[PDB]
Colleague: 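Right, I'll just put the structure down here and ask away after.
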Amino acid sequence: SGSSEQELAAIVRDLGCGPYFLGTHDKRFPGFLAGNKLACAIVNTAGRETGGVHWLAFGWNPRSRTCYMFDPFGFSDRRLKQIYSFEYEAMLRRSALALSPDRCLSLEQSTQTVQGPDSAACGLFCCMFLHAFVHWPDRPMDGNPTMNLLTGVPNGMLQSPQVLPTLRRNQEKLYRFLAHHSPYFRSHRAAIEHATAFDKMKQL
Amino acid sequence: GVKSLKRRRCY
Ligand SMILES: *C(=N)c1nccc(CNC(=O)[C@@H](NC(=O)[C@@H](c2cc(Cl)cc(Cl)c2)N(C)C)[C@@H](C)CC)n1
């Protein structure tokens with residue numbers, strides 16, 4: 001169910017993220033502490049011991065002092081804390097203290113889902129976002145060749161019928177994008193598309 | 001793409 005950390009590490013590398021990528025972690029990701037460089041990561045909502053639950057993408061732009069948090073589902077921090085028991089306040093504090101002279105940062109996050117409610121492609125959408133983030137770090141969420149390929153829908157509409165055709169088309173365009181840019185995705189395509197299926201949570 | 005919300009956080 002979903003993408004493994006090796007799967008994501010290989011795809012992220014294939015996407016041209018490697019030099020700016022800090023790895024794949026669990027909820028205990030410390031933050032952007034090393035230096036004031038373009039940096040990103042893939043962080044799980046849960047601790048490694050639980051086995052993993054959901055994937056999130058975190059980016060740092062030093063020329064705007066912005067931390068981008070990408071939840072493919074566009075849940076608010078309040079909803080992330082409720083649904084997934086995930087909080088990243090300490091992460092934001094450690095980061096702004098380590099990299100911001102004024103001790104302030106801008107937290108930019110999605111309010112729209114790109115993912116169907118039963119889909120297990122969260123890790124893969126995180127890869128796509130990090131591709132958009134490393135190529136357009138000043139505006140990674142939308143208005144760039146990579147995120148222009150997807151159609152975000154208000155998060156509040158996640159469980160509604162009118163949006164499944166859009167959320168499925170997103171998932172098909174996700175695969176097509178990854179097959180175009182990642183040899184690792186191409187090689188493991190059948191196992192990746194099946195384990196991250198649009199309907200995977202119903203097919204447990 | 002997705003619509004976003006930008007918030008300033010100071011520590
Ligand atoms: C996306 N919608 C979605 N759907 C179902 C499951 C998941 C999350 N998948 C995982 O977390 C994987 N787990 C691991 O890769 C690994 C792990 C690694 C790291 Cl760096 C952190 C954590 Cl918390 C977990 N496990 C094996 C320890 C799946 C392959 C297993 C559920 N996302």
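Both backbone and side-chain heavy atoms feed into the values below; hydrogens, waters and symmetry mates do not. Naming convention: chains lettered A, B, ... in sequence-line order (proteins, then strands); numbering from 1 in each chain.
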Colleague: Using a cut-off of 6.0 Å, state whether more than 12 heavy atoms not belonging to A:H194 lie near its atom NE2.
Modeller: no

Colleague: Which atoms of A:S76 come close to chain B, meaning under 4.5 Å heavy atom to heavy atom: side chain ones, backbone ones, both, or neither?
Modeller: neither

Colleague: Any residues in residues 77-89 of chain A near chain B, with a heavy-atom distance under 4.5 Å, and which are they?
Modeller: A:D77, A:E89

Colleague: Looking at chain B, which one of A:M147, A:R93, A:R65 has the largest number of heavy-atom pairs inside 4.5 Å, strictly under?
Modeller: A:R93

Colleague: Are A:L92 and B:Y11 packed together at the side-chain level, in the sense that at least one heavy-atom pair is separated by less than 4.5 angstrom?
Modeller: yes

Colleague: Select all residues of residues 97-125 of chain A having any heavy atom within less than 4.5 Å of some heavy atom of chain B, and report them by number, or 'none'.
Modeller: A:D102, A:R103, A:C104, A:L105, A:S106, A:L107, A:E108, A:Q109, A:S110, A:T111, A:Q112, A:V114

Colleague: Are more than 12 heavy atoms, taken from residues, nucleotides or ligands other than B:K6, located less than 6.0 Å from that residue's NZ atom?
Modeller: yes

Colleague: Taking everything shown except A:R176 itself, do over 12 heavy atoms lie less than 6.0 Å from its CZ?
Modeller: no

